[PDB]
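In the form deposited in one PDB entry, a lone chain appears below as structure tokens.
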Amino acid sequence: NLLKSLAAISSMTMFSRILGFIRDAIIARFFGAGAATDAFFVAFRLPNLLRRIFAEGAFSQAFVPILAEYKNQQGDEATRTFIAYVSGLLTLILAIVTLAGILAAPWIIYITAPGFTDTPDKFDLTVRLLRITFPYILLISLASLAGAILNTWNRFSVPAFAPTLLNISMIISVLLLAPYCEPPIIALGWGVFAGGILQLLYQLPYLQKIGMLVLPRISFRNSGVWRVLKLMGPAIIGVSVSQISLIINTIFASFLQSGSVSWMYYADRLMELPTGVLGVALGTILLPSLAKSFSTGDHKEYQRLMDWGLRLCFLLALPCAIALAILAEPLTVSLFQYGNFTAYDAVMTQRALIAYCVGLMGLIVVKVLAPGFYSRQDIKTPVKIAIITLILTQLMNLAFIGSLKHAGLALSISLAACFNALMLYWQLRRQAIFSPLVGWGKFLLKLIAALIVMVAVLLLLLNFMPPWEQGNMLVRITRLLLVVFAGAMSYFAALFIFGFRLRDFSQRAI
């Protein structure tokens, strides 16, 4: 049951996600949304996101299958040797990249955030934070490799808990080290650094428990390393396209007023809060199922899995996007507006979040529909569609920046994701790969009715409540949780009244 899989993934990631939002709230309270946070987000978050794009789009899809074949077809000694050579090559490459990026950090910041050049102190702070960021890439890459090995041995709780330590270390660095750092946010940077270390050392004993903890070594003649490189080859183009798109979006953001990057960051975090599970969970668990369907010839199961993923997208991401748009002020004020995060920052974050809610659905649908081509050994069509999406994204950025500013950049990304999803779906329909099952009309009608009930309940409750800035954090968060509970319970109650049953949707998972 893939619904069971999504529940398990949610339960395993809950604690880390909660602490990540506590960390974001601490950052907002102590540093607000200004030049220092902009420098931190450009220097740390952008390289981390580029690294994650490369790791999940290229490295893992090549390393995990070869590791599983070593585990199942070869012995533990040959597998340990393969792991040692993999880790050694990764460590050497990332050490070279760390050195080169520390030496070239000013030009890196220059081309990724040109608008920062009119403020020399902000630029220097960004370059300094990037110089601290670069070793974290190597640390967190080794930690990710450990997590992948542990997942291959069916150990998912430990890697899903690992980022808790990063969040805790960042929080402690802000609370205890920021008063002693000359630019205070510098402490946060080191809190990330130590975090990486912790995330590694937390997973090393478990690696030793399964007999897969080995010293790294270098070898340019290992069969497995060449197998992984050959499988990594055809994904570099797809990785580079999304990397370039993110870099140009950052370039556009760098020319806006101080705080725009931070407002966008807080908005996208708020958007990720309820739907962080579905996005990646559905994709990673649907790709192997559809691959097996296509290999066995069971086209009915392929169609049913795809249709179930799409219907779950409609059933869970749509109400979240609508409710996030409606509750933008309650969310921003109850979660962020404390200390140096002012009401102005709250309003700007609300604008960006409302812009992001338009494309939440496009993102969740893209992550489900891309395996429709990936499972059939088709990397070319998603890359073509992604190139077109990049072109449209930059066109809309150029058109929207002067008037809508940061919110306009967010809306550009949202519309681009929407049309990315639509192009993927229309390609699937065109090649006769997928055709939806019967009963989408009644499904959508009941969905619309439940959504109307939810919106009515939300607006009714919001019309009765005092200004959200009055009251301390306890009061605000209690009110927000109560309103969210009422909205969600009304939505699911309407869904049940109109015929939706949990058993019936679980049967479509498998």
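Don't overthink the numbering: it's just position in the shown sequence, from 1. We call the rigid core whatever largest set of C-alpha positions still superposes within 1.5 Å between the two forms.
Although not depicted, the form deposited in another entry is the subject of the following passage.
- Residue showing a CA shift of 2 Å or more between the shown form and the other one (rigid core superposed; candidates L353, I149, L305, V261): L305.
- After superposition on the rigid core, the Cα atom of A328 is displaced by less than 2 Å between the shown form and the other one.
- Once the cores line up, the CA of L278 ends up 2 angstroms or more apart between the shown form and the other one.
- Superposition of the core reveals a Cα shift of 2 Å or more for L287 between the shown form and the other one.
- Note: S295-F156 Cα separation is 3 Å or more shorter in the other entry than here.
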